[PDB]
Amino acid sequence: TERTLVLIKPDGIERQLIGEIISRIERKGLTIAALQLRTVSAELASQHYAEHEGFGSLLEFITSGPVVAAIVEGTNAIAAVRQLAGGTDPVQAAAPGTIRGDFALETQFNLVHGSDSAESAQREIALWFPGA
């Protein structure tokens, strides 16, 4: 079954939105296959954002506090999670009714991430949940 990696970033945790974000995923019909609150090392951090090198503040913010990582599974999971999350700019791009559209104001603090493609999902799941 199709799987994607979801991260609730440190701002999502600080705003007490862990449950809200997971609920939205569940009500969409997707399942949580793996789930863990964790701290992010600079090492893990630079690997996650490797496709950004040419980027430096994403390493810093993702390490500023705990995140929640999840494997999300179900039909069309990758695109479904992107749809739920919304566009990168929470006010200019993200649609009302999305996580970013309902809950966020700025790109730098946009709460969540979902893998952007089958290839990204594969890489990110291997990085965050190696052995899954």
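The numbering used is simple: start at 1 and walk along the sequence shown.
The entry shows a gap from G54 to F55, with 1 to 3 unmodelled residues of the deposited sequence in between. Between 43-51 and 77-85, it is 43-51 that carries the larger average Cα temperature factor according to the deposited entry. In this entry, 115-123 has the higher mean Cα B-factor, the comparison being between 6-14 and 115-123. Out of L35, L30, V67, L58, it is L58 whose C-alpha atom has the highest B-factor in the PDB entry.
Comparing C-alpha B-factors across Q92, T63, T107, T98 in the deposited entry, the largest value falls on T63.
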